[PDB]
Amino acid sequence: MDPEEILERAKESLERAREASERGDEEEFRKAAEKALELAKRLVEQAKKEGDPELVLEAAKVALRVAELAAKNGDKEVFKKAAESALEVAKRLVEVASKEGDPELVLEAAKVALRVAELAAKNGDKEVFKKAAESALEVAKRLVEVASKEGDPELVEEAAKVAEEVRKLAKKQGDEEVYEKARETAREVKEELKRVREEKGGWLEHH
């Protein structure tokens, strides 16, 4: 299956789930949501067979969409499954994007995790909030590594912004543990940002 074809089928399954949700057909909603997640997972594996990182990001976005739908119709089991899928796919995207020296897509993985965190915060799911927030912080740390290797202080700054957004979210959610992890991550990222700026600005002054 062409990965664009998998993605099209995944989107078709999402729309069935939406339509079923509207009708109050809970069984059909759950079957279509499951199928969308299954196809998103298949898209990740095909994207690997073909060496296409952008498609892994599209898979993650399918899972996010299933999670939002589930949130809206109050289905906690499908919400948690779709959230877990989105985070799992985000982690796969970091690994692919890191190998190809593509820090822009590593940042996109962090944005997926942040959106899961926001969804979980909105819906009062503390367990998923913690998972997604921790994932976002971990991806910010990998983004610093990737970005520093390419001498790109701008993407290091983006990693700082990810940590700061986790910090602010956690304070609003009252999650002290995640707050302190986010603040420590942000401190480390900002120290590495100073170093990377000074390294570049130094070799610029030199030349």
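Numbers follow the displayed sequence, beginning with 1.
**Q** Per the entry, where is the mean C-alpha temperature factor higher: 126 to 134 or 92 to 100?
**A** Stretch with the higher mean C-alpha B-factor: 92 to 100.
**Q** So, looking at the entry's B-factor column for Cα atoms, which has the higher mean, 176 to 184 or 60 to 68?
**A** Between 176 to 184 and 60 to 68, it is 176 to 184.
**Q** Between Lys31, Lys161, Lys168, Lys48, where does the Cα B-factor run highest in the record?
**A** Among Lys31, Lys161, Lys168, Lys48, the PDB entry lists the largest C-alpha B-factor for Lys48.
**Q** Among the modelled residues of this chain, does the Cα B factor of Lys149 put it in the lowest, middle or highest third?
**A** Its C-alpha B-factor, which the entry lists for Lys149, ranks in the highest third among residues of this chain.
**Q** Looking at the temperature factor on the CA atom of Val196, which third of the chain's modelled residues does it land in?
**A** It falls in the top third of the chain.
**Q** Would you please rank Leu55 by its C-alpha temperature factor against the other modelled residues of its chain and give the third it falls in: lowest, middle or highest?
**A** Ranked within chain, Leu55 CA B lands in the middle tercile.
**Q** Lowest, middle or highest third: which one holds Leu155 when the chain's residues are ordered by CA B-factor from the entry?
**A** As the PDB entry reports it, the C-alpha B-factor of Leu155 lands in the highest third of its chain.
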